[PDB]
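Next up: a single chain in structure tokens, the form deposited in one PDB entry.
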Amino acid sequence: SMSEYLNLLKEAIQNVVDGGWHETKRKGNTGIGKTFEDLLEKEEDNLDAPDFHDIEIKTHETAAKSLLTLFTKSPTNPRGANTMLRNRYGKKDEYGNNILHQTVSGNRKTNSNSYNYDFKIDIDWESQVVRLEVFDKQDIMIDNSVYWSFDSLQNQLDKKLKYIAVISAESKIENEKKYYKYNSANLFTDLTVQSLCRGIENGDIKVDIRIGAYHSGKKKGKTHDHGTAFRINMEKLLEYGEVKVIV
């Protein structure tokens, strides 16, 4: 059923909403999420566990209309899959790395102008895997070795995503500073591996390969795999789970 901590969650979110505009705690796209976590007095972490007891929290700037990142997970196989993808199919960046950012769909192939390969997802319902298909520019499928088992994906959903509190927000730039304001929250439940994979097949949920580079700090110029992400179109949540207003 429902989390024992939903009331506490509502109070924690309400406290942030009541705070109005908040200056960013970290410059960059990530700031919206880092700023919210700081307000909840949550130290950043890299665990695939929920944020607030058993509840996952996600912030989302409504006007930006970006895909909602659900979770990341490296391929089940082969070993070193993302390194292989980068090395074989990436493009050269300013530092001499290969990079590979591709938002991949299950209903159509990419048509990349800046990369020399195209990509599609096959949901293999018989074998219960999510498979990446790589095509050359002559439309030949050259590599479908990379996959995620349904079991792996279900394990991430069970660990992290039973209850997803999505906090809708806005931003502004004022006096050369970036601010966020958190306005409302919905609870998204009943996402299953079966609904996830249906969404990938239909194009509403993407498999996002996100291999870039670091651009500042000690690691500047080094390869930065942000993790392959499973990302949902916010307009489509009701087709993949249930949604109710909580704040």
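If you superpose the two forms and keep the largest set of C-alpha atoms that fall within 1.5 Å, you have the rigid core. Numbering starts at 1 and follows the sequence shown.
The form deposited in another entry is left out here; the points below concern that form.
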*So which residue among 162, 131, 109, 73 shifts its CA at least 2 Å between the shown form and the other one once the core is superposed?*
162
*Superposing on the rigid core, is the CA of residue 198 displaced by 2 Å or more between the shown form and the other one?*
no
*asked:* Core superposed first: is there a CA shift of 2 Å or greater at residue 171 between the shown form and the other one?
replied: yes
_With both forms fitted on the core, check whether the Cα of residue 181 differs by 2 Å or more between the shown form and the other one._
yes
*Taking the shown form as reference, are the C-alpha positions of residue 46 and residue 105 brought closer or pushed farther apart in the other entry, with a change of 3 Å or more?*
farther
_Since the Cα-Cα distance for residue 157 and residue 165 shifts by 3 angstroms or more in the other entry, is it a contraction (closer) or an expansion (farther)?_
farther
